[PDB]
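Visitor: Before anything else, here's the structure in question.
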Amino acid sequence: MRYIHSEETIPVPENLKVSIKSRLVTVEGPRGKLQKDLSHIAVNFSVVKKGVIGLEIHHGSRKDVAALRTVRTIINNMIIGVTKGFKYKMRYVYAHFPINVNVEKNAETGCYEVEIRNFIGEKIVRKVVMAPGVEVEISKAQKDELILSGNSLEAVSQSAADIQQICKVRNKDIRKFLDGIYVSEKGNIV
Amino acid sequence: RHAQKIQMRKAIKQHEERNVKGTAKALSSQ
Amino acid sequence: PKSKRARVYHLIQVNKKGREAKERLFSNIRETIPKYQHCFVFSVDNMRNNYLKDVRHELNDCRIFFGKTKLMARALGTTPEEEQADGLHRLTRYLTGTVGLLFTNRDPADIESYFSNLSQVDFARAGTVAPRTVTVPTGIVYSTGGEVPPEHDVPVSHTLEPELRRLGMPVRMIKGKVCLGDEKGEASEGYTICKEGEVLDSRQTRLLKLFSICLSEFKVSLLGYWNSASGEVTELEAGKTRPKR
RNA sequence: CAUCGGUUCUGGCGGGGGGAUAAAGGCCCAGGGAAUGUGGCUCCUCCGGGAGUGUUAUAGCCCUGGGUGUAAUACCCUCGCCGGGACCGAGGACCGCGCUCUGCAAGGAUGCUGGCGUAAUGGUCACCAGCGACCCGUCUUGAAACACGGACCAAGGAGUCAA
RNA sequence: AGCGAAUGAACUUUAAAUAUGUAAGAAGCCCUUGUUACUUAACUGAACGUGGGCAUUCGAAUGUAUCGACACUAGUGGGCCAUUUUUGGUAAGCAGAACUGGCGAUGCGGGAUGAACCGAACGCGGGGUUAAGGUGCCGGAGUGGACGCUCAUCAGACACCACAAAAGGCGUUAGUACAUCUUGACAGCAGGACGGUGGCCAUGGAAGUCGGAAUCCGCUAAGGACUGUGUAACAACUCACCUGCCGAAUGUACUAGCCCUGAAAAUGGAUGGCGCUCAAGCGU
RNA sequence: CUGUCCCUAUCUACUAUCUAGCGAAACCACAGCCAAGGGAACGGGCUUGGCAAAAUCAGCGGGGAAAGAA
RNA sequence: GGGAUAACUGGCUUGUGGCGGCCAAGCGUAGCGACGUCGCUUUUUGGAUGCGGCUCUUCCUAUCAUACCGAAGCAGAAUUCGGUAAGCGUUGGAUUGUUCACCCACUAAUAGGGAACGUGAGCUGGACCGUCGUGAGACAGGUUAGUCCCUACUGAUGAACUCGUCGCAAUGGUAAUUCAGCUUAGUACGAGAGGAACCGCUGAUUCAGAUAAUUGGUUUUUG
RNA sequence: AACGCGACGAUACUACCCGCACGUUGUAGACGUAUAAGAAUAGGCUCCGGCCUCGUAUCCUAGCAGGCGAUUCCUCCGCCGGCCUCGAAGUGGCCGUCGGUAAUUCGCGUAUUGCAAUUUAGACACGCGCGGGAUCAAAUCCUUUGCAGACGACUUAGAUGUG
């Protein structure tokens, strides 16, 4: 129908600064620095009040307004990440064979590697290299559980999904073999 | 899908009616 | 257009009331207004208001209304021109939020003595500040969460395992028994639901209700009453601050 | 190259007539309205602005009749006047129709000029280039298709005579 | 059309569309009386003749490039396709008549190609304008103008016959009908979701949810002798419904465009090829 | 043992690159690269695409051959 | 005996029967009407068939195995159904005139098709007349039809660019396949009987490209 | 790729390189054949003033097809040397020398090509002449080899030697 105008608003907190280029968005705060490109979506960014960013679209369709809402949520997700961060708590359960999860950080490539051993007694060691900027901890808070914290929600969730997918059973009974490493809680660090 | 939609529409009408509300085999067998 | 949700047609024996129940409420208020001398306005702020049946069974000889506040406000009449009695439109500002009416031929002194002696311990409900900190003991969890002595306690039903996990307790099934870590204790530390002096959320409220520990107090608070004979309102102490309409 | 005739393409200019003697529109004359409500004012934790109320006021607008006005312009139909280009020059004393009639654009091109006067123009072959283009005959059928004859060349080669 | 005209396709004042036979002047009609072997009761009728009437619009229009008679002479006796009308048949094919048109013996422009399609028919040349069909070069001419629609994991570029329907599409646009909403609509979040009653029969056990039948009352804001999860039974959760917060348009069924699928085999190939996406696709 | 098959042995017959010299015939419209389209189960020349480089030697297992229909 | 037709299907074919009733949005204002349901086929106790067969090239997928997935009381194992997938492979018997069905043996399995009216290439296993008849045929009675070259592919030379050496890589082809054994482990799992998998290791089958140390065969070494 | 390309060795003549005298030599076609940011297009450029639809812009453009001379000008071209730079199919900068040079102004010559006739003028390639420097090569046949083979073709070896 070619709606003439559509707008969305995103508030920012006092303790961050958001520098937005042509369509590059960089957000800085106590957690650190986070950058994302959104050049694939047509949108006009501007400031409406002291601490709200208004993103608008003109002469667009419902698909365009839907993209407007999606990019609104993405910007808000980056603001939330740079303020509070993200945290995914997993737990690994087993029946007779205990799973040995060893986490290490190498100076090279500045990333983390999680090595899983003795998953259903398998003699293969399963190594997952993580996305940059995610921290992995075997906490002494609960037994046989892991914490995956970070600043980028997409990286945190994709790393959690990668570990979950790599530790999966083959050619067995799902109802009978319950073992694996599974996401338990999702939230913010602070 | 056609069968399922006919079945669900008939079920909807039948349930509406019953919510509002509050021999050939014999011959062949003989 | 296309690309829309599919709403399920429920196989339900009860349909939406709408204007039938609306007019039944309207006529009920009209027939209730002249019968009884005093119309009290009470409030329930953040309670589960399930004890209204008990208070009704107590006040069999009085008629309490607790429905839609705007419907009741117009039914009593918010303006001087639609009022049954002169000043019920004064009462229709005390009728503001989660409030209700209570029609009596009884005496004030008795009725607020009753409502000051009435109080029942009930479940938390969202928004309340925790009066204490609850932490289930480390080990085999029971149906009480370490309030009743375990020696007189019963193990929790095993069918709540997915629900407790969804609410966020790192619990496991060991030999048919729900436990935190190991059956013999040790293993890990405990799980705290809510801490004292901290606003409690819906997840914590659900956990409290499932463990059947009550942390709030149900008490109906009277904002003000109306006497039809003298034709006068009486701001009750509470109504003073309550955001009037 | 200049002045003509015939056919033709194309650009511009000056008028006339018709609509509802266009409808609009400017400027005035009255009358009447409203709101996407101007100015006031009344509000609102106002970078800012909103909301309210009401009929010109410190913007305006709509609608109805009236004058300028036989206004202008658009569109359609018409009377002419200039400019640029292409192709063509059939006939060969006069006769005729005419005219703007010493003459003429009037029953068909003359006038002035330059270079060359020789392979320069023109022509023939071979090649290239762009475009076009089934292998002939016989026979059948409504028609194709099949089928048959065709290695090439020279000479001979088939509706004649008589009653 | 009407039956406020009568009567009741078989009714009518009137009258459609659609093709079609005949006639339209001196090659005339009458009227009038002479004859006849015909005829009549009869100079009475019919035929054969006389007189008159209009030679100018002489008896509609339009063309007319002449028409008629006789004698003689040569080649011809096939059909195929299609429109319309019409009779019959099948699951579908199809079969048979009538008229007309194209091909025969016909070149040329276009449909990329061509028996049947569209335009138009022909001496040799020059100039101009067109038809059908086209204007992104190949290819002459528009990356012309206006308003919209469509993104296809082998779209479409005219096939609309089939596949193919009361078909499947949480693809997209326009429209119609119905319904609810500041008496707060849809979605959501926080709560209620209660008592008789573990209602009757049956089961070892079955308390709303293994089974059979009815399904009531109160409390009401509302709650089903219960829509699902669950237990050996419970318990517990959840749905329906209801209240608070939020705040303004929603949601049910059809219809009409475009798009996808709506069935496909086997050497590598076809909107003519390239290629084309606010088109170089579709409608005006 | 066999009215069965195969192999080994023998015989019969046909089986043969280049140089010197000698030296035909069959057959021959003109040709000869493919794929789609060319209504008449028809293509070899036409449309539009793939492409496409002189002159030769050898091998050859493909095409240049077929119906006529109750 | 006469006439008409003289081939034929060609965006055909495939997976879900027909008949009658009920319902049936609609069209319509009686008639057509899909999907479902009910009745018949059809139930109260467990041989058919009357042109075949074999080798090789290429293609299809409507996938038999292999690879990866989704679902199943799928404990393990062995499986069943479905999906993407044609890269890779895809037997021998008994019986019968032949084939299929059933049954029996190895195997990972021992799938189905096209090469376009001539099922890619190769091989193998009558109708007319006449006589006499006709409740019926017969005739040693006659006549008669049966049509070494170009090109593709595989290799090998090659003038022009002065000869030669050393290279690049457009384009074209393309390759690996399956099974078994050790360890995992008599572990996971299982009442028991049974009983895997990833990592690691080693062989074998088919296919492909090479090779003559050795072994076997061949002999004009006529030694 | 036998009509795709590169590197290097040796290249007797012919002429290998160098300069001009050129050529009645060729060309799918000189006539100012002038012009390097990158990146984005719901942003970009900048000297940091501002600027951006617009390449209908910048450069260049006067002189017998462009003469001779003179006041004034240090501006713009060209050629050779040194230092450096450019490799994706190989160039540009600086300095220097030397040559030419309207930014202002002036005198002398243009005539006759007769009223137009392509204003024969550029580039690269190739060919004929000179005069300066430089060098004195290979392949095939023939014989031979067997790492090869139908014949060709291929690996080899013939000049004094580990022949």
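Letters A, B, ... go to the chains of the structure tokens in the order shown; residues in each chain start at 1; ligands are counted from 1 in the same order.
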Stretch 42-119 of chain A: which residues are strand (DSSP E) by DSSP, as a PyMOL selection string?
Guide: chain A and resi 44-47+52-60+86-93+100-105+112-117
Visitor: Any chance you can output those residues with C-alpha atoms as a PDB file, in the first residue's frame?
Guide:
```pdb
ATOM      1  CA  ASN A  44      17.109   6.450   8.204  1.00  0.00           C
ATOM      2  CA  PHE A  45      18.693   6.908  11.629  1.00  0.00           C
ATOM      3  CA  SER A  46      18.417  10.104  13.649  1.00  0.00           C
ATOM      4  CA  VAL A  47      18.139  11.516  17.164  1.00  0.00           C
ATOM      5  CA  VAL A  52      16.568   8.023  22.072  1.00  0.00           C
ATOM      6  CA  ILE A  53      17.506   7.002  18.529  1.00  0.00           C
ATOM      7  CA  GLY A  54      14.717   7.125  15.961  1.00  0.00           C
ATOM      8  CA  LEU A  55      14.867   4.807  12.973  1.00  0.00           C
ATOM      9  CA  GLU A  56      12.434   5.579  10.180  1.00  0.00           C
ATOM     10  CA  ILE A  57      11.378   4.340   6.757  1.00  0.00           C
ATOM     11  CA  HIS A  58       9.476   6.161   4.017  1.00  0.00           C
ATOM     12  CA  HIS A  59       7.401   4.884   1.086  1.00  0.00           C
ATOM     13  CA  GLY A  60       7.832   1.290   2.174  1.00  0.00           C
ATOM     14  CA  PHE A  86      24.679 -12.488  28.348  1.00  0.00           C
ATOM     15  CA  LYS A  87      25.056 -15.785  30.202  1.00  0.00           C
ATOM     16  CA  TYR A  88      24.089 -19.342  29.242  1.00  0.00           C
ATOM     17  CA  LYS A  89      24.259 -22.002  31.954  1.00  0.00           C
ATOM     18  CA  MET A  90      24.399 -25.592  30.695  1.00  0.00           C
ATOM     19  CA  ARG A  91      24.550 -28.896  32.566  1.00  0.00           C
ATOM     20  CA  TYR A  92      25.809 -32.285  31.392  1.00  0.00           C
ATOM     21  CA  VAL A  93      24.032 -35.448  32.524  1.00  0.00           C
ATOM     22  CA  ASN A 100      35.075 -34.931  31.127  1.00  0.00           C
ATOM     23  CA  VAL A 101      34.873 -31.326  29.896  1.00  0.00           C
ATOM     24  CA  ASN A 102      38.176 -29.436  29.801  1.00  0.00           C
ATOM     25  CA  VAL A 103      38.176 -25.754  28.831  1.00  0.00           C
ATOM     26  CA  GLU A 104      41.346 -23.960  27.765  1.00  0.00           C
ATOM     27  CA  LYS A 105      42.390 -20.619  26.300  1.00  0.00           C
ATOM     28  CA  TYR A 112      38.578 -20.792  23.885  1.00  0.00           C
ATOM     29  CA  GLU A 113      38.517 -24.518  23.179  1.00  0.00           C
ATOM     30  CA  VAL A 114      36.178 -26.940  24.946  1.00  0.00           C
ATOM     31  CA  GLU A 115      37.222 -30.600  24.846  1.00  0.00           C
ATOM     32  CA  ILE A 116      34.634 -33.268  25.659  1.00  0.00           C
ATOM     33  CA  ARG A 117      35.785 -36.781  26.549  1.00  0.00           C
TER      34      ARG A 117
END
```
Visitor: Using only C-alpha atoms (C1' of nucleotides) and a distance of at most 12 Å, pull out the residues of chain A that contact chain E, as a list in words.
Guide: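 Here they are: residues 1, 2, 61, 62 and 63 of chain A.
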Visitor: Got a sec: who's within 12 Å of residue E:116, counting only C-alpha atoms (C1' of nucleotides), leaving out chain neighbours fewer than 2 positions off, as a PDB file with C-alpha atoms (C1' of nucleotides), in the first residue's frame?
Guide:
```
ATOM      1  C1'   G D 142      -6.405 -32.203 -51.766  1.00  0.00           C
ATOM      2  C1'   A D 143      -1.501 -31.896 -50.734  1.00  0.00           C
TER       3        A D 143
ATOM      4  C1'   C E  80      -8.099 -30.885 -48.399  1.00  0.00           C
ATOM      5  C1'   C E  81      -8.653 -27.257 -44.448  1.00  0.00           C
ATOM      6  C1'   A E  82     -11.687 -23.675 -41.628  1.00  0.00           C
ATOM      7  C1'   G E 102      -8.761 -19.981 -48.131  1.00  0.00           C
ATOM      8  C1'   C E 103      -5.478 -23.781 -51.479  1.00  0.00           C
ATOM      9  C1'   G E 114       6.361 -23.858 -41.975  1.00  0.00           C
TER      10        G E 114
ATOM     11  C1'   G F  39       1.686 -29.441 -38.539  1.00  0.00           C
ATOM     12  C1'   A F  40       1.326 -33.802 -43.669  1.00  0.00           C
TER      13        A F  40
END
```
Visitor: Could you tell me which of D:47, D:97, D:59, D:125 comes closest to chain A if we count only C-alpha atoms (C1' of nucleotides)?
Guide: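 Closest to chain A of all the choices is D:47.
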Visitor: Excluding residue H:30 and residues on its chain fewer than 4 positions from it, collect all residues at most 12 Å away from it, counting only C-alpha atoms (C1' of nucleotides), and give them as a ChimeraX atom specification.
Guide: /H:121-123
Visitor: Which residue, C:34, C:80, C:176, C:100, has the smallest gap to residue C:220 when you use only C-alpha atoms?
Guide: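 Ranked by minimum distance to residue C:220, first place goes to C:100.
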Visitor: Residue D:17: which residues within 12 Å, counting only C-alpha atoms (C1' of nucleotides), same-chain residues fewer than 5 positions away excluded, as a list in words?
Guide: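 Everything that qualifies: residues 76, 77, 78 and 79 of chain D.
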Visitor: Put those residues in a file: N, CA, C and O atoms (P, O5', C5', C4', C3', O3' and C1' of nucleotides), as a PDB file, in the first residue's frame.
Guide:
```pdb
ATOM      1  P     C D  76      -7.091  19.485 -30.768  1.00  0.00           P
ATOM      2  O5'   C D  76      -8.466  19.608 -31.553  1.00  0.00           O
ATOM      3  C5'   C D  76      -9.513  18.676 -31.340  1.00  0.00           C
ATOM      4  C4'   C D  76     -10.797  19.153 -31.968  1.00  0.00           C
ATOM      5  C3'   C D  76     -10.668  19.741 -33.360  1.00  0.00           C
ATOM      6  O3'   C D  76     -10.591  18.755 -34.372  1.00  0.00           O
ATOM      7  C1'   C D  76     -12.003  21.161 -32.033  1.00  0.00           C
ATOM      8  P     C D  77      -9.771  19.050 -35.718  1.00  0.00           P
ATOM      9  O5'   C D  77     -10.711  20.051 -36.522  1.00  0.00           O
ATOM     10  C5'   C D  77     -12.056  19.702 -36.813  1.00  0.00           C
ATOM     11  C4'   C D  77     -12.844  20.891 -37.298  1.00  0.00           C
ATOM     12  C3'   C D  77     -12.240  21.654 -38.459  1.00  0.00           C
ATOM     13  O3'   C D  77     -12.473  21.017 -39.701  1.00  0.00           O
ATOM     14  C1'   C D  77     -13.001  23.177 -36.820  1.00  0.00           C
ATOM     15  P     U D  78     -11.602  21.425 -40.982  1.00  0.00           P
ATOM     16  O5'   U D  78     -12.227  22.820 -41.417  1.00  0.00           O
ATOM     17  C5'   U D  78     -11.462  23.753 -42.153  1.00  0.00           C
ATOM     18  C4'   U D  78     -11.878  25.169 -41.860  1.00  0.00           C
ATOM     19  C3'   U D  78     -10.983  26.237 -42.459  1.00  0.00           C
ATOM     20  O3'   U D  78     -11.295  26.503 -43.813  1.00  0.00           O
ATOM     21  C1'   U D  78     -11.363  26.725 -40.185  1.00  0.00           C
ATOM     22  P     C D  79     -10.147  26.438 -44.929  1.00  0.00           P
ATOM     23  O5'   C D  79      -9.723  27.959 -45.114  1.00  0.00           O
ATOM     24  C5'   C D  79     -10.701  28.950 -45.386  1.00  0.00           C
ATOM     25  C4'   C D  79     -10.153  30.338 -45.186  1.00  0.00           C
ATOM     26  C3'   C D  79      -8.799  30.617 -45.813  1.00  0.00           C
ATOM     27  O3'   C D  79      -8.878  30.885 -47.201  1.00  0.00           O
ATOM     28  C1'   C D  79      -8.833  31.448 -43.603  1.00  0.00           C
TER      29        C D  79
END
```
Visitor: Near chain C, which residues of chain E fall within 8 Å when you count only C-alpha atoms (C1' of nucleotides), and what do they look like as number ranges by chain?
Guide: E: 170-171, 183, 190-192, 194, 219, 221, 224, 227, 230, 236, 240-241, 243-244
Visitor: What are the residues of chain C that have an atom within 9 Å of an atom of chain A, counting only C-alpha atoms, as a count of residues only?
Guide: 11
Visitor: Which of these, G:188, G:62, G:121, G:213, has the shortest distance to residue A:122 once you count only C-alpha atoms (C1' of nucleotides)?
Guide: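 For residue A:122, the nearest of the candidates is G:188.
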Visitor: Could you work out how far atom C1' of residue D:25 lies from atom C1' of residue D:69, giving the answer in Å with one decimal?
Guide: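 A separation of 13.0 Å between them.
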